[PDB]
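One chain is shown next in structure tokens, namely the form deposited in one PDB entry.
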């Protein structure tokens, strides 16, 4: 099959920036090359066909160029509406293949997280399990480190985390980490701590509680 590789895989842009995304094909595909835009939870939308031909209604800041093995999507003046994932796709031969996608994220100033720790509920502890949750709210950039410590023992392999899509209004991320122990393990320890490292923090922020207290 024909392999399409986009570069970069993700980038940060300000409103009004010129954005350039490249798509390289493993073999010559002439101009049988499309670009799609996709936002979270939505179907892809066709923007460009035949490498450079805009679909009806696509604004003039979008342009396509290239032929053969090398193609470029340019957004000459990045708008809020344009923060999305972009995919190239070849229609030269079966099977139809897509690039891996390029995610265009909003650049903004560094914002330190607000950090919150939640103890497990009595209802959950009655079921034999204890989930402790650490929330990192409204930070930028996306890179953050969460360390779970139980009586100063670093926990590994018993937590999972997830990160929201960038916020519409303030361009920030949030992160939720869940540490899950058995009730018996939860009841053996006193101090439960979430330790957060981020560019916005001069030193790591620790939120903790003491079980029972």
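Residue numbers count along the first chain shown, from 1.
Engineer: Comparing average C-alpha B factors as deposited, tell me which of 102-110 and 83-91 sits higher.
Structural biologist: Per the deposited B-factors, the answer is 102-110.
Engineer: Quick one: higher average CA temperature factor, 186-194 or 20-28?
Structural biologist: Higher of the two, by average CA B-factor, is 186-194.
Engineer: In terms of the CA temperature factor given in the entry, to which third of its chain does residue 169 belong: lowest, middle or highest?
Structural biologist: Ranked within chain, residue 169 CA B lands in the highest tercile.
Engineer: Select lowest, middle or highest to describe the third in which the CA B-factor of residue 206 falls within its chain in this entry.
Structural biologist: Within its chain, residue 206 is a highest-third residue by C-alpha B-factor, going by the deposited values.
Engineer: In terms of the chain's CA B-factor thirds, is residue 162 lowest, middle or highest?
Structural biologist: As the PDB entry reports it, the C-alpha B-factor of residue 162 lands in the middle third of its chain.
Engineer: Tell me, lowest, middle or highest third: where does the Cα B factor of residue 179 rank within its chain?
Structural biologist: It belongs to the middle third of the chain when residues are ordered by C-alpha B-factor.
Engineer: Which third, lowest, middle or highest, does the C-alpha temperature factor of residue 41 belong to within its own chain?
Structural biologist: Highest third.
The next section is about a form of this same protein that is not shown, the form deposited in another entry.
Engineer: Considering only the rigid-body turn between the shown form and the other one, which single choice in 106, 38, 24, 147 is at the hinge?
Structural biologist: Every other option is far from a hinge; the hinge one is 106.
Engineer: So the CA-CA distance for residue 61 and residue 169 moves by at least 3 angstroms in the other entry. Closer or farther than here?
Structural biologist: It is farther: the C-alpha separation of residue 61 and residue 169 rises by at least 3 Å in the other entry.
Engineer: So the C-alpha spacing of residue 7 and residue 198 changes by 3 Å or more in the other entry; is that change toward closer or farther than shown?
Structural biologist: Closer: residue 7 and residue 198 approach by 3 Å or more in the other entry.
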